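Undergrad: everything below, folded, please.
(chains A, B, C, D and E, ligands or ions: 2)
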Amino acid sequence: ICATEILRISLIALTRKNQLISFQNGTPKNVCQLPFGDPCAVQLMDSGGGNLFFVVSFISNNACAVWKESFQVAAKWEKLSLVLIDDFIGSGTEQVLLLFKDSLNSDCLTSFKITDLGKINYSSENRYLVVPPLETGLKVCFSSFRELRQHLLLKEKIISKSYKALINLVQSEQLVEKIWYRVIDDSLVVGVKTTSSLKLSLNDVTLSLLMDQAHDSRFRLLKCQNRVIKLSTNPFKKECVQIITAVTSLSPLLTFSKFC
Amino acid sequence: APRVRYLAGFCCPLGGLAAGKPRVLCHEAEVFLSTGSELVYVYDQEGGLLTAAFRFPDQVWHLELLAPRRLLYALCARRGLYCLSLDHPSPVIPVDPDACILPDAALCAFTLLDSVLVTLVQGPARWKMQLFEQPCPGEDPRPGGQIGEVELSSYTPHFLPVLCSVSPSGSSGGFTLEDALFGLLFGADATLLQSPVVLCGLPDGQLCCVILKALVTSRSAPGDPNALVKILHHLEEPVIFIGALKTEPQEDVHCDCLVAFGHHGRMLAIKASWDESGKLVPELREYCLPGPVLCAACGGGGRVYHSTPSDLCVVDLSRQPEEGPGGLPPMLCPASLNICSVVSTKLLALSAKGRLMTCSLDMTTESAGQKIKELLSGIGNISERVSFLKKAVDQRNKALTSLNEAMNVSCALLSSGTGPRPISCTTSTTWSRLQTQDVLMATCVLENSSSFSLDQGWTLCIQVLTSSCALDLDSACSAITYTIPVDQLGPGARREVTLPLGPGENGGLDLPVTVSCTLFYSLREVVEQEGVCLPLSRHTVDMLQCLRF
Amino acid sequence: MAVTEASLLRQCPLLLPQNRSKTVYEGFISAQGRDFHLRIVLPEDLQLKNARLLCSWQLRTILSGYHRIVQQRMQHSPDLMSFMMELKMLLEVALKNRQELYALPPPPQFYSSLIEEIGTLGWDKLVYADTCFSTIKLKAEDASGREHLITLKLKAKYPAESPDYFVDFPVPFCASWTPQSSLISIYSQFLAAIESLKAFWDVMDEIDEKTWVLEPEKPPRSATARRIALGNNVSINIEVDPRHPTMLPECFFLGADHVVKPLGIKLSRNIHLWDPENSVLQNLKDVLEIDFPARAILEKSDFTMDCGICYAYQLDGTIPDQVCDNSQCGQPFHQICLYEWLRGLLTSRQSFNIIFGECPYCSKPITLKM
Amino acid sequence: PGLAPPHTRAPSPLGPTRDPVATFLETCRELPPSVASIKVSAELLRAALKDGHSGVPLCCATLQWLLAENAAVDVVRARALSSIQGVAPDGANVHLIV
Amino acid sequence: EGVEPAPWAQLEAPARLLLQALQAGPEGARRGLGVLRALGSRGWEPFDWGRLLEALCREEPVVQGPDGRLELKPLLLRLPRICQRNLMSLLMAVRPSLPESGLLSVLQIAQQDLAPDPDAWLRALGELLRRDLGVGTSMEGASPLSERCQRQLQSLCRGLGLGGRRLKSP
Ligand SMILES: [Zn+2]
Ligand SMILES: [Zn+2]
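TA: Numbering: from 1, shown residues only, chains lettered A, B, ... in the order given. Ligands and ions are numbered 1, 2, ... in the order given. Here you go, the structure:
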């Protein structure tokens, strides 16, 4: 588990099929896939601003690190006596420490490697003129990363802004209470319950259904027959109930097990 | 050598410690710490072992300290306000209720000046500032009797308020300002009385000043709020920090700047100008930093160390006056909330995990080869992430392009041009044959004349509404509706749909029947309820189109 | 397209109209693979004489030095579309000018491959590399035992395009660059040019050894002229052809009109005796029928005592009198030359009969009293 | 569709990329042109196509006879085309030469 | 308000001095040579032609012609016309010690391809530099002179008895 709100838990998992899956209140977002098999554990690593990893350890003495923000194996390691996650250096950002097998020596803390997966990498003919260039290159690369993230945030902000702009471009009292749907045999029945404001004497209303084209790769015209339903509530003022309903076939829509 | 040392660790929930409440203090070499729990800890900073721990009841919400009297005031949440002698005649120690002073059991905030105490207490709608004596002679630690109260009538209600004391030069855990800024903000009364002032920042985001000398009241002389409490600035968002800085640094520092900070990152800075008309004016700047700010502090020379959920960052106001934009380098330490800054630069913090730590800012043969190897590995590691983010950016650009095409189509479709150019939909009736009975079908041809391509995200919505005029008996079909996705239509292209209108039951067709097309754009599909419809044509089928000779 | 309905899409795709009436545009503008934030509010009508245009501080700092031009273009420009075209053009110019501050190479090809190639060379060669890794400089040796340098300047794509090569030696250096070639290739070309130009170097080194060379001092390797001194208060300048150094040079004489005439005469009479199998000195000595002095004065060789504007002594009776109040310049001038120079510069200010300004050579305060 | 009478912009059919039950199964669980030809004697085809209606003696009348039941035979009668590229019922293309 | 800075304000000081010297009439080129010997004499014995020939192609904006027209000019066309002519004369003088990559970018400007109101002197010194590199034979009638002058000179030489030499080789 990762976080909790009010009950809503955000949660990493992993499975027998060598997966690594996310969940945000029962919402399997952002699946991954892992190279090695028989996984034991995951720990988490922070590494700096936003650079969350998940370090995954396996039964077969090996481990992987997957980079959140792109559920993608950023690194793999082998033979791994141990994996530890902490600040061994003194920088104030987590590292990962990897211990390599005792075949080398009859001692534990030799044959190590410490790696933030970035600027920090430690392990167990002038050439000095080249160095400050490379250090400046590392710092420029890191700065470009830190700048791209912010640029990307800004693009998402602008896209949101312009969605809302469209919505106000075409255009308060709730014309509709709420929606409900049932399945009878091979029909979907979707219905919506109106309010006082919507006067079916004065207004022809319909109720269309629209398939998400993400599911609908094809030109299936989807058809819907509409009824209105007035029922009087304890007539034996007195409340009427108008509701509006649409009926369609199901089996054209469960090709991908699912639809929205 | 190691710029960050870890001194001890504490209990973190999932995620980490919440903000507002955790507090770090330093006297000389002791450090006093609350994590928003029932405990307050004392660490000797030489070897970071805990000398002592103090179990309060109910969530310590604030701490303050007197060095000369060797006392420590603390605020339990729904109980009141405790005082503890650090001499204090297992290392855990429960606090006895003898130490409670003014058990107001509703006080949300407090501060301290030389011989005076200031609280701030919640009630119903109007919150109220009070002011108490605090006995100068070393005696039984008592409050004394309240000198004064007020009611912050401006405030009508997670985020506690904050108080800050501001004294001028000539007249204490607060800030000493300079005479120019003091007179600019608080006026002549305060400047002549040499009166300390109290700044209360509230969760509304208002930042109110109170002069203390003016706050002397009784049951025969009630405090007038509109006279006595005044309002500097209204940040839209809650307040985290108030401070002051010696910009132009060129213990008792005579500050020149007044700093405030919002949860969401509205910084505010005020300075003295005396510019452009021969008159003293204030230079405000409402900056807008990134992040939800969690904590802040103030260090030597116009620097303001703050923290985000990402990283511990820093801002400099030192140099028109102070600064146009605020640019803020991280210091490559994690999200420390609860930061304190002592000057000698050596700051203290509580990591949002739960760690206490002391951030201390400030050739070879073939090891140079290993160094080159490490540097190349580093650049190769980062580049493979920069790549991914570039591709993400390409896709967000693609989203923006599609949306732009959408808005252009929409504006053309909503506009009047005297010819329905951009997208049209004609219908046309045709009688056909199914098994024995002739049927009446409608072909709805959609045509793109203009350049605009209807790429993925658009869908036709046709609706055939039978006879109208709502009856005694709600019918079995008031309308049929069809939807089809439009994909890769483009310019000059044409789509065609035939629909039945004609008698399936009873051999009876009622006229006029109106067939109406529309287009729906979905914001989601390329990546309150969100979509837009646009109104293409509307054909009525009447008898004359349905006759057959 | 012609109308601003599809031409605007095609030429600024990431500008999204917020409002229905296309009056508020917001979004990003592209220039040299870089997107800049931008919000451009029009009035209720389509007029740019008054409009708002806000930017990110990145874009403002990048449009430093053109604010007046953009403000003028807002008032002068008919349409928004053309204003955006002009703004993209202007951004491209600003970036291509300040290419120092704004760049990022592709490391997976670049940073590793350059070190691989320098290792292929050998690390005894390289002497300098800049912190942006743009400039590098390499060394080579003559068979005679002379050090000669070669500067390269590298782009974001080094192996794709040619790197700019700067070399001292006087003949134009030609380097056949391929995308397959590398630093060893250009270095081999450099050694080829070195072994070719060996002979010219030998001649000029022999002169610099055995003569009181006068007015180049610590000469570069590009220099083909050498004003040699001989006797007293007379000199001979000599320009040499690199391809044919030992061949006769263009040569002539400075000094006293009564001393120089017999030298020109003797040169004319003996010029047929030149032979390009001996040395320049060994030919000059038997042509002019004299020997040279070896640094008759090594300390007070010569200090050019001329106007430092007109490079003449005796301009219309006047002498070089006005000097610099500086140990490192000491450059004389004339009243007239220095007045005409200083009356131009923006720094200079004139009191009643006084002008203060910067010395032309060293840019230090110099005073002229007419 | 190309040789058709109207020469009007019709969308191309492009039959389904998968059967829908096949799509269901794949989702829930996660080149040269082929040719055939015949030959036949010109004498046979002439004597069989006698009553020479119109057009070229061979290949065109042959194609008219091959498509004599198809609705779009009058078009080919006019244009006198010895080759065509039709589609199919299943969306695939088919080109038939004589 | 209407103060204009010198277009060599932002350049390397020695280049600034050179371009200040060449401004000074027909004795501008000799003064350019005196300047270059007076920097062989000083601490920086080499002079960075490769930097000056980039700056000479660098573009900045101007507004000329009507009241309003934005155009981008390089330095060579933005600095004073006598500085231009005495520059190109000095580049004839020190051609051999110049980088060709920069020179060609300069000569392309001097050629003034597709311009109204050209500089005949700049174009002619362009041609005379091309001819001296050996990349501007050009297979054209691209001569320093005008068609007018070349025609009025054919017109006169036609009135003279052609000589027994054979210099053109048919
Ligand atoms: Zn002079
Ligand atoms: Zn000087």
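Undergrad: chain neighbours aside, what residue packs nearest to residue 9?
TA: Since you didn't name a chain, this refers to chain A. Distances taken as CB to CB, 6 or more residues apart in numbering or on different chains put residue A:1 closest to residue A:9, at 5.5 Å, once the chain neighbours are dropped. Heads up, the C-betas are built off the backbone N, CA and C, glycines and all.
Undergrad: let me rephrase: I mean chain E.
TA: Nearest in space to residue E:9, with sequence neighbours left out and distances taken as CB to CB, 6+ apart, is residue E:16 at 7.9 Å.
Undergrad: again, but for residue C:296
TA: In this structure, residue C:296 finds its nearest non-sequential neighbour in residue C:212, 6.4 Å apart by CB to CB, 6+ apart.
Undergrad: does that neighbour touch residue C:294 like I think?
TA: Yes: using CB atoms under 8 Å, residue C:212 is in contact with residue C:294, at 6.7 Å.
Undergrad: Three-state assignment for the residue nearest to residue E:9, please.
TA: Under DSSP: H, G, I helix; E, B strand; the rest coil, the three-state class of residue E:16 is helix.
Undergrad: so what's the residue positioned nearest the centre of chain E up against?
TA: For chain E, the residue nearest the mean C-alpha position is residue E:88 (3.5 Å; CA atoms, centre = their mean). With contact taken as CB atoms under 8 Å, 6 or more residues apart in numbering or on different chains, residue E:88 is in contact with E:110, E:122, E:125-126, E:129.
Undergrad: mind putting these in JSON lines, neighbour count included?
TA: Listed next are those as JSON lines, based on neighbours: other CB atoms under 10 Å in any protein chain shown:
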{"residue": "E:110", "neighbour count": "23"}
{"residue": "E:122", "neighbour count": "21"}
{"residue": "E:125", "neighbour count": "21"}
{"residue": "E:126", "neighbour count": "22"}
{"residue": "E:129", "neighbour count": "21"}
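Undergrad: now the helices for chain D?
TA: Taking DSSP state H to define them, one finds helices in chain D at D:20-28, D:42-48, D:60-66, D:74-79.
Undergrad: can you say which of the ones you listed is packed in most?
TA: Among the helices of chain D, helix D:60-66 has the highest mean neighbour count (mean count of other CB atoms under 10 Å in any protein chain shown), at a mean of 19.
Undergrad: hang on, the earlier thing: residues contacting the residue nearest to residue C:296?
TA: Residue C:212 is in contact with C:228-230, C:292-296, C:301, counting by CB under 8 Å, 6+ apart.
Undergrad: quick revisit: nearest to ligand 1, out of the helices of chain D?
TA: helix D:20-28 (92.2 Å; CB to the ion).
Undergrad: quick one: contacts for residue 67?
TA: Here I'm looking at chain A. Contacts of residue A:67 were listed using CB under 8 Å, 6+ apart, and they are A:51-53, A:74, A:117, B:385.
Undergrad: chain D is the one I meant
TA: Neighbouring residues of residue D:67 by CB under 8 Å, 6+ apart: D:73, D:76.
Undergrad: please compute how far the one helix or strand residue E:84 maps to lies from its chain's middle.
TA: Element membership of residue E:84, judged by DSSP states H and E, is helix E:81-93. Relative to the centre of its chain, helix E:81-93 is centred 5 Å away, using CA atoms, centre = their mean, to the nearest Å.
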